[PDB]
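Take a look at the structure set out below.
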Amino acid sequence: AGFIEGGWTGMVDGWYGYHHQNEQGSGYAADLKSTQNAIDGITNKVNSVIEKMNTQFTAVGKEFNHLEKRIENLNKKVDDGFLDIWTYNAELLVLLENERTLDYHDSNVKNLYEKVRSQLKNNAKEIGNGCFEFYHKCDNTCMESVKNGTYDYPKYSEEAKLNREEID
Amino acid sequence: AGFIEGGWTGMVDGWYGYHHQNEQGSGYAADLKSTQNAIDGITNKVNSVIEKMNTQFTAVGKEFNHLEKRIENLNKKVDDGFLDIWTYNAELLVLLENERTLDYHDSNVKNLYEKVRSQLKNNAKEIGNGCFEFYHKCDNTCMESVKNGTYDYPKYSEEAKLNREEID
Amino acid sequence: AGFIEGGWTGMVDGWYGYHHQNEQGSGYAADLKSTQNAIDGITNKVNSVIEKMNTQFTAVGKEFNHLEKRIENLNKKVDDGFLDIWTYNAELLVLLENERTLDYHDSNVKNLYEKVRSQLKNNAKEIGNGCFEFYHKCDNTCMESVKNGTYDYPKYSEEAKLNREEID
Amino acid sequence: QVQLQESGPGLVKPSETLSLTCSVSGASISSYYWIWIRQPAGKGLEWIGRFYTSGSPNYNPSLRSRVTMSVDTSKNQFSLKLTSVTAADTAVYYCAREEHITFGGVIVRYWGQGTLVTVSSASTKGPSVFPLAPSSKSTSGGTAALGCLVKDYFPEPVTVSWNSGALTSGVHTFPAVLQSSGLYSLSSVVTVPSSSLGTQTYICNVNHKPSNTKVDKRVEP
Amino acid sequence: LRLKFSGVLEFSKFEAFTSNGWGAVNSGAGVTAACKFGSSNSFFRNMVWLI
Amino acid sequence: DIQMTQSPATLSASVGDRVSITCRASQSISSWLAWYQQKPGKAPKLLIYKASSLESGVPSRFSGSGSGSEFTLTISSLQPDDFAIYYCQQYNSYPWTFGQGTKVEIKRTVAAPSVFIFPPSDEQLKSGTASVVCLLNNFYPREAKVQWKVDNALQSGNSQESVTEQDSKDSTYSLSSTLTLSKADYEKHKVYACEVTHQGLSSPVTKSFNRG
């Protein structure tokens, strides 16, 4: 559920993304696809939760006479009951859905890192800080090909094989 | 393939299954165990969500005279408030439970994939679209042994290491 | 979600933990960190869910006379409808939150396993049943270093390399 | 509030490298992506491109190599450099700041002034100002018009102010019109009460920027 | 009537019967020490108290 | 990547009238459309983001409705200051492309102009050039004819024309007809006039002046 390592204050163009470091320099670059899906989903969720709470026409209070006391306590009970029900619903939905929003975001992290895992199996080495070191040279074009999900494993398979075996 | 790639229209004997391809040909085959658990759970879920809504005996409407207008508005408020409450509950739980149903199905996919993976760690190489290519030959008997949870890794470990170390 | 096979009636000191087996013998030992987090979470969860219910008291019933049958039926309807609403809320929250509690615990399992796997990237070998076999000697200090998240991979990298490659 | 001003030459010869500099006040460049925008004549806008200090730039696929974007964190500026400008490359330029993440995605709230870049083999010819005296004899009551003619200049950007900005109403600075000579004529007129004229100032300040000329003239009856 | 003046927004400015339209009754002696018009004595204006 | 159809190119509508501008896209944009009001010769001002999100400080008359490929910007009560060119931007993907823009004018009552003639400056006359100006201020609509009468003779050309865009407050136009003579500058020094024919004039109005 909870999938966190650390945050990037320098990536200012999206919820999720990449930090690339090659011989052409380093930089932050947001993944617009997963960030976009997340914004769509969260917007629809928020709008659904809010817009379901619609309003009727009920001047709330009533004031009854001295021969309508039990009538009056019933009406105050109804007011307070609708109060408590709507308060209860709002509180619990906010709690639950904040939990679920954070968990959804964690799973988005996990899915992005899985995608980069899949494009790059043995051509790179995974690190416990949730990163990859290429066994080959990944230039800007290679980086972009990984970012838009079009990396070419056989393209660098031989170079990565050579360097990977070279480590040992 | 929950969103990775697409589904299988040719597999019509269960929710989840395998597509096997060996020397003896190819075909679809549903995983009856996981599909069965999913049917059990979704059935219990639908029945619980629906059957949890029982209401007391009510002749709904009321009409109050000209000296009971406050008495009146309160009853209309009660009627329409129970309307709003049951509507709100049904709407929210339908939305949430369709969400959770799709996610449950995704998790079942994931568990089946991880089971097949744990059976064959180095005797097969993962193909990124939820597939496995054998370094050895997995005949119909081998396929069935993978499917009913009884794959024999040392059986093919020799041939797989030979073919693997040569391929790589 | 990603559930497991097996149970540990011997581990009596926590939700989660390890079973170590080295030169110095074997034994169970609970992970105090993740179980502590899980207990914090479940405690806060139970308290929030219950605290939302705590609202005001009110003498429920009302008595109406023979010339007040109708406001009487409206009052009984109101009492009974609040009864249903609160009953339904309690029932569904119980059900869904027991569901989510089991799922939360499953995810804690997964997190602990992936932490240990990241510490022991290659120096060990995934058994499959949910364990690790060391390609090197892991004595009690090594075990504890893994348990408190400070395992030293370069320390045993060479020993593990020699043994691992001796296998193949 | 953050302010973005724009510096461009006004004329770039038809086979030169356009260099534009957007100056940034109130913010650090190293913390924001910076965007360039273009508008040919009065037709549609077009996002040029985006650049960031510790990030990766992306420009219009239409204009890729020709465009290089750079950043002076020292001068608090970012520069746009276009190789081999063309006549189609003749347009207005705007620089904008790319804000951070909001729930509605990335916004561009803050916008530059807009600087005209003209791609011509001609020179920056300076303007000549000629006063437009009123209709003295014919009295239309309160209405009394006074003006100036800024004519015989080649670059488009000309600014006409009245009493160095004091005269604020009834000002009808007209559009510049291309004459037969390849130069531009530009009239500016203000309607003024006939009574104030007795002790009122009426001095046009005209600043044609590429020629770097600031001619000011009176408009007497 | 509070329930009715809740939920209403009228322009109520009209009148009907005359104060003295009533026959053979004291039609102008509505003084009361309860509805004192400040220092003087009077009665509700929308209502005529007949003797 | 994503081509933009913004209909219709030009509008004119009276004050208070609802206005609807449609923005159709090449592919799916979800709700990632922006909307800008470019006032004349100024920086564009972001009206709406996220398609259904009004920016702070924008009048509530502006509303935005649409997702996917179709969208509509709707002004509930069109006001004088809302005269501009309105663009729809796409930030769903790069390259960010705008629509061609929609030109929002304001239909108003037909207003007669005010005409003023400006003789050529003698300073200019010393430089070998001469130009006389006809001035029409605060008229509606833009459609008027300003002809020239040198010694009661319609000259065929030699006259250029410039029209101010719609005033934001009044939404009244202004026009300047500049007579630029070439070499007969000094070969005339004659009588000059401005035939002004506008819909708000029952009969044309001609003003004139004399040599110096």
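Chain lettering (A, B, ...) mirrors the order of the structure tokens, residue numbering begins at 1 for each chain separately, and ligand numbering begins at 1 in order of display.
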Practice prompt. Looking only at helix (DSSP H, G or I) from DSSP on the backbone, list the matching residues of segment 13-199 of chain D as a PyMOL selection string.
Written response: chain D and resi 29-31+163-165+196-199
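The residue that comes closest to chain B, out of C:30, C:162, C:96, C:124 and on the basis of only C-alpha atoms, is C:96.
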Item to complete: Excluding residue 174 of chain F and residues on its chain fewer than 5 positions from it, collect all residues at most 7 Å away from it, counting only C-alpha atoms, and give them as a list in words.
Response: residues 136, 137, 138, 139, 163 and 164 of chain F
Write to file, as a PDB file, in the first residue's frame, the residues of the selection just made, with N, CA and C atoms.
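Written file, out33.pdb:
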ATOM      1  N   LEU F 136     -12.593  61.185 -38.289  1.00  0.00           N
ATOM      2  CA  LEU F 136     -13.938  60.804 -37.877  1.00  0.00           C
ATOM      3  C   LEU F 136     -13.828  60.132 -36.518  1.00  0.00           C
ATOM      4  N   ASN F 137     -14.427  60.729 -35.496  1.00  0.00           N
ATOM      5  CA  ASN F 137     -14.342  60.187 -34.147  1.00  0.00           C
ATOM      6  C   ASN F 137     -15.714  59.755 -33.647  1.00  0.00           C
ATOM      7  N   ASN F 138     -15.721  58.646 -32.896  1.00  0.00           N
ATOM      8  CA  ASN F 138     -16.885  58.164 -32.157  1.00  0.00           C
ATOM      9  C   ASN F 138     -18.091  57.959 -33.076  1.00  0.00           C
ATOM     10  N   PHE F 139     -17.929  57.037 -34.021  1.00  0.00           N
ATOM     11  CA  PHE F 139     -19.004  56.643 -34.919  1.00  0.00           C
ATOM     12  C   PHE F 139     -19.265  55.147 -34.800  1.00  0.00           C
ATOM     13  N   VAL F 163      -8.279  52.685 -39.050  1.00  0.00           N
ATOM     14  CA  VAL F 163      -9.448  52.619 -38.179  1.00  0.00           C
ATOM     15  C   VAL F 163      -9.015  52.101 -36.814  1.00  0.00           C
ATOM     16  N   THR F 164      -9.241  52.908 -35.779  1.00  0.00           N
ATOM     17  CA  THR F 164      -9.100  52.448 -34.407  1.00  0.00           C
ATOM     18  C   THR F 164     -10.058  51.298 -34.140  1.00  0.00           C
TER      19      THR F 164
END
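Taking atom CA of residue 167 of chain B and atom CA of residue 134 of chain B as endpoints, the distance between them is 11.6 Å.
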Discussion item. Show me, as a PyMOL selection string, the residues that have an atom within 7 Å of residue 131 of chain D when counting only C-alpha atoms, minus same-chain residues fewer than 2 positions from it.
Written reply: (chain D and resi 129+133+147-149+217-219) or (chain F and resi 121)
Worksheet item: If we count only C-alpha atoms, what is near segment 54-65 of chain A at a cut-off of 12 Å, once residues fewer than 6 positions away on the same chain are taken out, given as number ranges by chain?
Response: A: 47-48, 71-80, 82-83, 86; B: 67-81, 83-85, 87-88; E: 1-8
Limited to N, CA and C atoms, could you put the picked residues into a file as a CSV table (one decimal), in the first residue's frame?
chain,number,residue,atom,x,y,z
A,47,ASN,N,-15.3,15.7,-7.6
A,47,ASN,CA,-16.6,16.3,-8.1
A,47,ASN,C,-17.7,15.3,-7.8
A,48,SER,N,-17.5,14.0,-7.9
A,48,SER,CA,-18.6,13.1,-7.6
A,48,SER,C,-19.0,13.2,-6.1
A,71,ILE,N,-45.0,17.4,19.0
A,71,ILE,CA,-44.7,17.8,17.6
A,71,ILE,C,-43.3,18.5,17.5
A,72,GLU,N,-43.2,19.5,18.3
A,72,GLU,CA,-41.9,20.3,18.4
A,72,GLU,C,-40.7,19.5,18.7
A,73,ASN,N,-40.7,18.6,19.6
A,73,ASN,CA,-39.5,17.8,19.9
A,73,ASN,C,-39.2,16.8,18.8
A,74,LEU,N,-40.3,16.3,18.1
A,74,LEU,CA,-40.0,15.5,16.9
A,74,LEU,C,-39.3,16.3,15.8
A,75,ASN,N,-39.7,17.5,15.6
A,75,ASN,CA,-39.1,18.4,14.6
A,75,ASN,C,-37.7,18.7,14.9
A,76,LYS,N,-37.4,19.1,16.2
A,76,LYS,CA,-36.0,19.3,16.6
A,76,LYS,C,-35.2,18.0,16.4
A,77,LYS,N,-35.8,16.9,16.8
A,77,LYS,CA,-35.1,15.6,16.6
A,77,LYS,C,-34.8,15.3,15.1
A,78,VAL,N,-35.7,15.7,14.2
A,78,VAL,CA,-35.4,15.5,12.8
A,78,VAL,C,-34.3,16.4,12.3
A,79,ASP,N,-34.4,17.7,12.7
A,79,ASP,CA,-33.3,18.6,12.4
A,79,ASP,C,-31.9,18.1,12.8
A,80,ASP,N,-31.8,17.7,14.1
A,80,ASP,CA,-30.6,17.2,14.6
A,80,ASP,C,-30.2,15.9,14.0
A,82,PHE,N,-30.8,14.8,10.8
A,82,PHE,CA,-30.2,15.1,9.5
A,82,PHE,C,-28.9,15.8,9.7
A,83,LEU,N,-28.7,16.7,10.6
A,83,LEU,CA,-27.4,17.3,11.0
A,83,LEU,C,-26.4,16.2,11.2
A,86,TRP,N,-25.6,13.9,8.0
A,86,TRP,CA,-24.8,14.6,7.0
A,86,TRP,C,-23.3,14.8,7.6
B,67,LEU,N,-54.0,24.5,10.0
B,67,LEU,CA,-53.4,24.8,11.3
B,67,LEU,C,-52.3,23.9,11.7
B,68,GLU,N,-51.8,23.2,10.7
B,68,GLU,CA,-50.7,22.2,11.0
B,68,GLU,C,-49.6,22.3,9.9
B,69,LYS,N,-49.4,23.6,9.4
B,69,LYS,CA,-48.4,23.8,8.3
B,69,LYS,C,-47.0,23.4,8.8
B,70,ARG,N,-46.7,23.7,10.0
B,70,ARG,CA,-45.4,23.5,10.5
B,70,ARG,C,-45.3,21.9,10.6
B,71,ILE,N,-46.3,21.3,11.2
B,71,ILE,CA,-46.4,19.8,11.2
B,71,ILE,C,-46.2,19.1,9.8
B,72,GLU,N,-46.9,19.7,8.9
B,72,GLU,CA,-46.6,19.4,7.4
B,72,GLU,C,-45.2,19.5,6.8
B,73,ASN,N,-44.7,20.7,6.8
B,73,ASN,CA,-43.3,20.8,6.2
B,73,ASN,C,-42.3,19.9,6.9
B,74,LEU,N,-42.5,19.6,8.2
B,74,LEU,CA,-41.6,18.6,8.8
B,74,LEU,C,-41.7,17.2,8.3
B,75,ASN,N,-43.0,16.8,8.0
B,75,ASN,CA,-43.2,15.5,7.4
B,75,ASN,C,-42.6,15.4,6.0
B,76,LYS,N,-42.9,16.4,5.2
B,76,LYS,CA,-42.3,16.4,3.8
B,76,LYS,C,-40.8,16.4,3.9
B,77,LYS,N,-40.2,17.1,4.9
B,77,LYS,CA,-38.7,17.1,5.1
B,77,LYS,C,-38.3,15.7,5.5
B,78,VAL,N,-39.0,15.0,6.3
B,78,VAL,CA,-38.6,13.7,6.7
B,78,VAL,C,-38.6,12.7,5.5
B,79,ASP,N,-39.7,12.7,4.8
B,79,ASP,CA,-39.9,11.9,3.6
B,79,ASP,C,-38.7,12.1,2.6
B,80,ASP,N,-38.5,13.4,2.3
B,80,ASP,CA,-37.4,13.7,1.3
B,80,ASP,C,-36.0,13.5,1.9
B,81,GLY,N,-35.9,13.6,3.2
B,81,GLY,CA,-34.6,13.3,3.8
B,81,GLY,C,-34.2,11.9,3.8
B,83,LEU,N,-35.4,9.9,1.6
B,83,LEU,CA,-35.0,9.8,0.1
B,83,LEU,C,-33.6,10.1,-0.1
B,84,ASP,N,-33.2,11.3,0.2
B,84,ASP,CA,-31.8,11.7,0.0
B,84,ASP,C,-30.8,10.8,0.7
B,85,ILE,N,-31.1,10.3,1.9
B,85,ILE,CA,-30.1,9.5,2.6
B,85,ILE,C,-29.9,8.1,1.9
B,87,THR,N,-30.6,7.4,-1.2
B,87,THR,CA,-30.1,7.7,-2.5
B,87,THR,C,-28.5,7.9,-2.4
B,88,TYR,N,-28.1,8.7,-1.4
B,88,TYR,CA,-26.7,9.0,-1.2
B,88,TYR,C,-25.9,7.7,-0.9
E,1,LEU,N,-48.6,32.1,11.6
E,1,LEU,CA,-48.4,33.3,10.8
E,1,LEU,C,-46.9,33.7,10.8
E,2,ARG,N,-46.1,33.2,11.8
E,2,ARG,CA,-44.7,33.4,11.7
E,2,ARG,C,-44.2,32.4,10.6
E,3,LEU,N,-44.8,31.2,10.6
E,3,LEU,CA,-44.5,30.2,9.6
E,3,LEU,C,-44.8,30.8,8.2
E,4,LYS,N,-45.9,31.5,8.1
E,4,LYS,CA,-46.2,32.3,6.8
E,4,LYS,C,-45.4,33.5,6.5
E,5,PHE,N,-44.9,34.2,7.6
E,5,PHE,CA,-44.0,35.4,7.4
E,5,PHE,C,-42.6,34.9,7.3
E,6,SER,N,-42.2,33.8,7.8
E,6,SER,CA,-41.2,33.0,7.2
E,6,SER,C,-41.6,32.6,5.8
E,7,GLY,N,-40.8,32.7,4.8
E,7,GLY,CA,-41.2,32.4,3.5
E,7,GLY,C,-42.3,33.3,2.9
E,8,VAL,N,-42.1,34.6,3.0
E,8,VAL,CA,-43.0,35.6,2.3
E,8,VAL,C,-42.2,36.9,2.2
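Using only C-alpha atoms for every distance, the candidate list D:84, D:161, D:185, D:56 yields D:185 as the residue closest to chain F.
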Worksheet entry | Among the residues C:135, C:8, C:153, C:18, the one that comes closest to residue 166 of chain C [using only C-alpha atoms] | C:135
Practice prompt. Using DSSP on the backbone coordinates, identify all residues within segment 36-152 of chain F classified as strand (DSSP E or B); present the result as an MDAnalysis selection string.
Written response: chainID F and resid 36:38 44:49 53:54 62:65 70:75 84:90 97:98 102:105 111 114:118 130:140 144:150
Discussion item. I want to know what sits within 12 Å of segment 62-76 of chain F, based on only C-alpha atoms, with residues of the same chain fewer than 3 positions away left out; could you give that as an NGL selection string?
Written reply: (:A and (40 or 44)) or (:F and (2-8 or 13 or 15-37 or 46-59 or 79 or 82-83 or 86-90 or 92 or 99 or 102 or 104))
Please produce a file of the residues just selected, as a short mmCIF file (atom, residue, chain, number, x, y, z; two decimals), in the first residue's frame, where the atoms kept are C-alpha atoms.
data_model
loop_
_atom_site.label_atom_id
_atom_site.label_comp_id
_atom_site.auth_asym_id
_atom_site.auth_seq_id
_atom_site.Cartn_x
_atom_site.Cartn_y
_atom_site.Cartn_z
CA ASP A 40 -8.34 13.15 -14.07
CA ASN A 44 -13.70 13.13 -10.99
CA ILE F 2 -3.48 18.77 -32.22
CA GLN F 3 -5.15 21.14 -34.68
CA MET F 4 -7.65 23.71 -33.42
CA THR F 5 -11.01 24.79 -34.84
CA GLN F 6 -12.38 27.84 -33.00
CA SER F 7 -15.77 28.89 -34.33
CA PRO F 8 -16.82 31.48 -35.19
CA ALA F 13 -23.50 41.04 -30.27
CA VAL F 15 -24.78 44.33 -24.60
CA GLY F 16 -26.25 41.77 -22.22
CA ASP F 17 -26.54 39.08 -24.89
CA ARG F 18 -25.17 35.64 -24.07
CA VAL F 19 -22.19 34.71 -26.24
CA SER F 20 -21.01 31.18 -27.06
CA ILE F 21 -17.63 30.36 -28.64
CA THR F 22 -17.00 26.74 -29.64
CA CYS F 23 -13.51 25.20 -29.52
CA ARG F 24 -13.16 21.80 -31.21
CA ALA F 25 -9.94 19.79 -31.12
CA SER F 26 -8.10 17.29 -33.30
CA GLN F 27 -7.97 14.52 -30.67
CA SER F 28 -8.94 14.04 -27.02
CA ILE F 29 -7.94 16.81 -24.61
CA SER F 30 -9.94 15.61 -21.57
CA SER F 31 -10.56 18.85 -19.66
CA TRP F 32 -7.18 20.47 -20.34
CA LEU F 33 -8.25 23.58 -22.21
CA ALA F 34 -7.42 27.17 -21.33
CA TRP F 35 -9.14 30.36 -22.44
CA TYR F 36 -7.50 33.76 -22.88
CA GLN F 37 -8.88 37.23 -23.59
CA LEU F 46 -6.17 33.78 -18.89
CA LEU F 47 -9.94 33.60 -18.51
CA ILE F 48 -10.45 29.92 -17.69
CA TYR F 49 -8.26 26.90 -16.94
CA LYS F 50 -9.07 23.19 -16.52
CA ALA F 51 -11.96 24.11 -18.87
CA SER F 52 -14.41 24.45 -15.92
CA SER F 53 -12.26 26.57 -13.60
CA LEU F 54 -12.69 30.34 -13.39
CA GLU F 55 -9.47 32.14 -12.54
CA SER F 56 -9.43 34.49 -9.57
CA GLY F 57 -10.54 38.02 -10.41
CA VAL F 58 -12.59 37.07 -13.49
CA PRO F 59 -16.27 38.12 -13.70
CA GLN F 79 -20.34 43.90 -21.40
CA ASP F 82 -15.47 42.24 -23.14
CA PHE F 83 -14.44 43.40 -26.64
CA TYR F 86 -10.60 35.10 -27.39
CA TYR F 87 -8.27 32.12 -27.77
CA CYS F 88 -8.52 28.53 -26.55
CA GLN F 89 -5.22 26.89 -25.59
CA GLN F 90 -4.40 23.19 -25.24
CA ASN F 92 -3.02 18.32 -22.64
CA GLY F 99 -7.14 28.30 -31.74
CA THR F 102 -12.63 34.52 -32.12
CA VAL F 104 -15.93 39.49 -30.26
#
